[PDB]
Ligand SMILES: NCCOB(c1ccccc1)c1ccccc1
Ligand SMILES: NCCOB(c1ccccc1)c1ccccc1
């Protein structure tokens, strides 16, 4: 939670300032997997950022109407939702 | 150096009249290599032709906007630059002023070559030959790109620049499309944003001057009031002389411009005319001449019309002004020519008739012309004059005039301006951006009296290390852009 | 419209002569407001949306340029026609109204013989007509053709959004 990562005008890139949200917004299919299924300390998926956004919120935030950006956002959104269902079904991430 | 090879009109082909330049312009990949690396007598690469062009200059000159020609020129330009770096790195080929004092980039800008111009304007290579790059990328943290476009030979700080060449020295038909390329469109936008305060200050000063001029003209001769009138009059004279000097200095400092594009500016002409009419009006008043008032009032009208020079500091209204200009210059002068031919013919016809009976209508040519124009503006008197002996002929002649002029030509003029407004929609935007570019470039240098201090845009950012010891520096235009198509390929 | 109506009534209670302009403005504005309702229909709602786009896109620019022209030429004609050899162009309001008359097809384009700058006044009027009636009005028709063509699908979508809001 600094100044470059926080959403503002100028030099910036918003990704939720979470390592898992960074991996998701940066198309790291494997990093997110390791963070989620590392035995030493599994990485939570419901974790919110200082602004209140979750990985899904942030992954929407970077979404832009570019066809390639839209494809990336859709793919990672669906895949991360599926993973969230697989790991901890008891909690509904969409809400 | 003969006649066929020299650039002229007719049977010709310019290639720099050097064997190496000939090989380069003729896609001789191998001959150039042998000339450069023949052990017996290596061929120099910096060699200039009688005109001052080098091989790179020549590759620019033959450049045309054909996709195949552009591809050929780009490929040979890049490859030859790489070879020049490989053979003799110590000498920088991109910076070789020919006899006209133009580098290959400036030469491409002046000669209208757009594809080679944009390519040179934004190019990058791999680690090797990296210094021979104009666009860079410092870091790509995330999907953002910090593009650093080289501003060498393109910023306005230098005496002669690509921006100035495009604005004033280029005579290409559509040079307005080179000021929308990435570096130029962003740098020019930043400069415009920085200059909005001065653009509005110039607008406000001119508007105040025109308000004073209107007030003075409204209250003139046909104590305190006399004193205020006098100070306003002298203020108007001083303002008129100021605008006259400004326009005269715009022309003298830029005396090599009218011949390129007379109608590109076409407000410095109008501003000059308005200022001239103002000062001439004042001097004739000193002479106590009755021809004062027409000149002062013409100055008033023309100044109020000139305000629409300023009305185009806005996207919304500047494109409207550009498109008014296109309408006038495209499908209003033709209409006026045809309409005036019709009107003169029918006016002299009606005057010839209506001269024999059985307050005379159509008394002379002026009256008949004015009645016909009245038809044009929606108040033509179309009656059956019973007094003149050719009632029917005059009526039929008027009806024919109405059909040919009001029903046909005016409505067709509406149709033609619909067509022209539709035609010039994107070009209007580009031309407006060029107008902003010209205004910015004029605002950068101060007024004709104030020697403005330059402000050199860009950052002196150390980029890479040259093929030497102690490193180098270079001024670049730092640009942020969010990209995902490129980002998916950097993994 | 509602504010003007209530304010009109209270001023009537005050017995003020500025009642009638306010009440009549409320009347005009309410009758114009009825076009809010006229867009419960596909046929007419898109028309209303596209009227709005025309006004906001290529009517305010025309008004700005036209009023600059008109003020310049009106003060010019008033400055002239003030020295001879019911005075036309007596003041700024009269000259402006005559020029607008030109705009609406009712412009008196005569050769005033009484004033000493007959030719200058006539040429100035002819230039005003060429710049305004022949160029700017017909060009406004062309611009509104261009805007009507531009906003055809967007008009449908905007009308559907208007229905959604209602
Ligand atoms: N808005 C018109 C201002 O003056 B325009 C005009 C005035 C006098 C002579 C001819 C035309 C002119 C300049 C701008 C665009 C095109 C024509
Ligand atoms: N159809 C015009 C009705 O009133 B319009 C109008 C009335 C008063 C002031 C300005 C314009 C208006 C409302 C709808 C669309 C845009 C303008």
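Per Swiss-Prot, chain B residues shown: 190-411, 423-558, 582-714, in order.
Even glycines carry a Cβ here, placed using N, Cα and C.
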Stated Swiss-Prot location of transmembrane segment, expressed as one of B:617-637, B:638-658, B:659-679:
B:617-637
Can you check which of B:512-532, B:533-553 Swiss-Prot lists as transmembrane segment?
B:533-553
Are residue B:453 and residue B:481 on matching sides of the membrane - judged by whether Swiss-Prot gives them the same topological domain name?
no
What range among B:361-381, B:456-476 does Swiss-Prot describe as transmembrane segment?
B:456-476
What are the helix, strand and coil residue counts for the repeat 'ANK 6' (B:289-315) according to DSSP?
14 helix, 0 strand, 13 coil
Long-range environment of the repeat 'ANK 6' (B:289-315) - Cβ separation under 8 angstroms, sequence gap at least 6:
241-243, 245-246, 248-250, 252-254, 256, 259, 262-263, 266-267, 271, 283, 321-326, 338, 342-343, 349-351, 354-355, 358-362, 364, 366-367, 370-373
Relative to the transmembrane segment (B:388-408), which of B:429-449, B:456-476, B:491-511, B:533-553 accounts for the most Cβ pairs at distances under 8 Å?
B:491-511
Which residue counts does DSSP yield for the repeat 'ANK 4' (B:204-239) in the helix, strand and coil classes, in that order?
15 helix, 0 strand, 21 coil
Under 8 Å between C-beta atoms and at least six residues away from its ends: which parts of the chain pack against the topological domain 'Cytoplasmic' (B:512-532)?
385, 388-389, 392, 463, 466, 636, 639-640, 642-644, 647, 651-652, 654-655, 658-659, 662
